[PDB]
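Novice: I would like to see how this sequence folds:
(3 chains, ligands or ions: 1)
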Amino acid sequence: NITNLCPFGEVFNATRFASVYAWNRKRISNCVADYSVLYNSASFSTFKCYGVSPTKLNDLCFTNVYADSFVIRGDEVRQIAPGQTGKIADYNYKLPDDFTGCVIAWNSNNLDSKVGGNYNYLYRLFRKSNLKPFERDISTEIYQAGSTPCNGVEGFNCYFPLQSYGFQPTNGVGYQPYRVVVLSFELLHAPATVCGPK
Amino acid sequence: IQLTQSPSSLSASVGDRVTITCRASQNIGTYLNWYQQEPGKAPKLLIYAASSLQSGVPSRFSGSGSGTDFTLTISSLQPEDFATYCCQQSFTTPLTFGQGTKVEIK
Amino acid sequence: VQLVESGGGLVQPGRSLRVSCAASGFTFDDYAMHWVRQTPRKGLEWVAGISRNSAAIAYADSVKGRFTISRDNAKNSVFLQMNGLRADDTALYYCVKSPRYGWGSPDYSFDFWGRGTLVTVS
Ligand SMILES: *[C@@H]1O[C@H](CO)[C@@H](O)[C@H](O)[C@H]1NC(C)=O
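Specialist: Residues are numbered from 1 along each chain as shown, chains lettered A, B, ... in the order given. Structure data below:
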């Protein structure tokens, strides 16, 4: 029998999610998981994901399961895949050229996007340079266009590195918020544990 | 800050190799801008940072320069390019333009 | 992306005047607004440009302090109060939007211009 099902409800169902820039980083360790029901549920708009195949994913287990969740506009859900570049893709969260986990996404139009506008989700749109894979960016300091450091006088040209989504209930299907998670699988030299039903 | 252009005006024909230079009094870097205005309607952005060509614009345009000297270059001049082209300074907040260069038919 | 202007015309020197410029077709919360002037048959000249969140502002040296600005965030527009009129101010006036992208992405970049209003002081 299974000793403990890998906890997924707190992050899939959940009650709240952080913004994409301050994106959460959940770790999962010795356990037994039921990704199969994840395939079974039809509520996932885009379950399609890379690396290991879903049907045999339950037979080659790992040491670390790194689950990272966030929400974005629907249209740039394509911006989560190896090799591609884009505003959310490049300035917030990018993936290595190789990848041993994969992604899931679905719709939350009725949950999120309050009628008057949630306005409680921020994303980076400026930065000095490109972004390393799997690095958190909590830096809440001013960014400059150039030739002028405004020295914390935030305002003119100081370009606050956080612009709001500005959701509305009737913007359109291309802008309605989508909930995205990614499960990266890491095989360290330590013994592998995260494999379940057998 | 004083900005100059050369030539002040010119008369050309179709498909010509056009070239206009712009000089700044002090080193501004590259943030200089290139604008056009055709007779009768609203001007639009053409070149920004002296190295970026605007979207939805023919690739025949070209821009270059640095320091204080910059230059627009036209491989094949076209009948729609006979307009007034001006420089723009993107340096310390007091900003001015150049004298411009109207493009005339010859 | 369209712009509309009002408040110009023929006025006598020494009075006070107001100019409004509104726009639509984008998200007005960004794209620091600007004003430019052009005297007829002579080189145009920039006037003003302020900020994104009504932050620190700047003006031309020739007319600094004499005129003032306001960013109408609500009805996506901008007010410009003209004080101490001069006959030199007679010109075509443009209210101009700004971009957000590029290499350096400078707010002083100008695009999506409107139409302009004739203003005469005599
Ligand atoms: C989310 O809640 C629904 C409703 O009970 C449930 O069917 C679904 O399995 C939940 N998602 C999980 C547990 O990942």
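
Novice: how much space between residue B:15 and chain C?
Specialist: Note on residue B:15: its distance to chain C, by Cβ to the nearest Cβ, to the nearest Å, is 28 Å. Backbone N, C-alpha and C define where each C-beta goes, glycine included.

Novice: That residue: how many residues sit nearby?
Specialist: 12 (other Cβ atoms under 10 Å in any protein chain shown).

Novice: For it, which non-adjacent residue is spatially closest?
Specialist: Of all residues beyond its chain neighbours, the one nearest residue B:15 is residue B:76 (4.6 Å), with distances taken as Cβ to Cβ, 6 or more residues apart in numbering or on different chains.

Novice: Give the burial count for that neighbour, as a bare number.
Specialist: So residue B:76, with other Cβ under 10 Å, has 12 neighbours.

Novice: repeat for the one 10 residues further on
Specialist: Burial of residue B:86 is recorded as 23 neighbouring residues (other Cβ under 10 Å).

Novice: what's the residue nearest to residue B:15 in contact with, if anything?
Specialist: Residue B:76 makes contacts with B:14-16, B:60, as judged by Cβ atoms under 8 Å, 6 or more residues apart in numbering or on different chains.

Novice: need the contact list for residue C:56.
Specialist: Residue C:56 neighbours (Cβ under 8 Å, 6+ apart): A:153, A:155-156, C:50.

Novice: In terms of distance to the ligand, which of the residues you listed ranks first?
Specialist: The ligand has its nearest neighbour among those in residue A:155, at 43.4 Å by Cβ to the nearest ligand atom.

Novice: Helix or strand: which one has the residue nearest to residue B:15?
Specialist: Using DSSP states H and E, residue B:76 maps to neither a helix nor a strand.

Novice: Phi, psi for it please.
Specialist: Backbone torsions of residue B:76, given as degrees, to the nearest 10, read phi -120, psi 110.

Novice: any idea how far it lies from residue B:50?
Specialist: Between residue B:76 and residue B:50 the distance is 21 Å, computed by Cβ to Cβ, to the nearest Å.

Novice: Name the nearest residue to residue C:103, ignoring sequence neighbours.
Specialist: Of all residues not flanking residue C:103 in the chain, residue B:49 sits nearest, at 4.5 Å (Cβ to Cβ, 6+ apart).

Novice: Quick one: neighbours of the one you found, just the number.
Specialist: Applying other Cβ under 10 Å, we find 20 residues neighbouring residue B:49.

Novice: you'd agree it is up against residue B:64?
Specialist: No: between residue B:49 and residue B:64 there is no contact under Cβ atoms under 8 Å: 11.3 Å.

Novice: Okay, domains of chain A per the record?
Specialist: By the record's domain assignment, chain A is partitioned as A:2-116+A:169-198, A:117-168 (CATH domains of a matching chain).

Novice: Endpoints of the shortest one, how far apart?
Specialist: Pointing back at domain A:117-168 there. In domain A:117-168, first residue to last residue: 5 Å (Cα to Cα, to the nearest Å).

Novice: Stretch B:22-37 now?
Specialist: By Cα to Cα, the extent of stretch B:22-37 from end to end equals 17 Å.

Novice: chain center to that stretch: distance?
Specialist: 9 Å (Cα atoms, centre = their mean, to the nearest Å).

Novice: Could you give the number of residues near residue 15?
Specialist: By default, I'm working from chain A. Counted with other Cβ under 10 Å, residue A:15 comes out at 6.

Novice: other chain: chain C
Specialist: By other Cβ under 10 Å, the residues close to residue C:15 number 11.

Novice: re the thing from before, and the contacts of residue C:56, which two are the farthest apart?
Specialist: For the contacts of residue C:56, the maximum inter-member distance is 14.3 Å, found between A:153 and C:50 (Cβ to Cβ).

Novice: Looking at these two, which one has more neighbours?
Specialist: More crowded of residue A:153 and residue C:50, by other Cβ under 10 Å: residue C:50, with 22 against 12.

Novice: Identify the spatial nearest neighbour of that one, chain neighbours not counted.
Specialist: The shortest distance from residue C:50 to any non-neighbouring residue, by Cβ to Cβ, 6+ apart, is to residue C:57 (4.3 Å).

Novice: Look up how far residue B:23 lies from that neighbour.
Specialist: 30 Å.

Novice: ditto for residue C:8
Specialist: Note on residue C:8: its distance to residue B:23, by Cβ to Cβ, is 35 Å.

Novice: do the same with residue A:134
Specialist: Residue A:134 sits 48 Å away from residue B:23, going by Cβ to Cβ.

Novice: Looking at chain C, which strand is longest?
Specialist: If you go by DSSP state E, chain C has its longest strand at strand C:16-24.

Novice: Now the following helix or strand past that one - C-alpha only, PDB.
Specialist: Once strand C:16-24 ends, the next helix or strand along the chain (criterion: DSSP H and E) is strand C:34-38. This file holds the C-alpha atoms of strand C:34-38, laid out as PDB (Å, rounded to 0.1, in the frame of the first residue of the first chain):
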ATOM      1  CA  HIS C  34       4.800  65.200 -24.200                       C
ATOM      2  CA  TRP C  35       4.200  68.600 -26.000                       C
ATOM      3  CA  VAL C  36       6.100  70.000 -28.900                       C
ATOM      4  CA  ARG C  37       5.800  73.400 -30.700                       C
ATOM      5  CA  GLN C  38       6.400  74.400 -34.300                       C
END
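
Novice: moving C-terminal of strand C:34-38, what's the next helix or strand?
Specialist: Next along the chain after strand C:34-38, taking DSSP H and E as the criterion, comes strand C:45-49.

Novice: helices or strands next to that following strand in the packing?
Specialist: If you count contacts as 3 or more Cβ pairs under 8 Å, 6 or more residues apart in numbering or on different chains; DSSP states H and E, strand C:45-49 packs onto strand C:34-38, strand C:58-59.

Novice: Run the chain-centre distance for that strand.
Specialist: Mean-position distance between strand C:45-49 and its chain equals 7 Å (Cα atoms, centre = their mean).

Novice: Now do the buried residues in that strand.
Specialist: Residues of strand C:45-49 classed as buried by neighbour count (16 or more other Cβ atoms under 10 Å in any protein chain shown): C:46-49.

Novice: Write out the residues of chain A neighbouring chain C.
Specialist: Applying Cβ under 8 Å from any Cβ of the partner chain, one finds that chain A approaches chain C through A:125-126, A:145-147, A:153-159, A:163, A:166.

Novice: and the two most separated of the residues you listed?
Specialist: Using Cβ to Cβ, the residues of chain A next to chain C span at most 29.8 Å, a distance reached by A:147 and A:166.

Novice: circling back to that earlier point, residues contacting the residue nearest to residue C:50?
Specialist: Counting by Cβ under 8 Å, 6+ apart, residue C:57 has contacts A:156, C:48, C:50-51, C:69.
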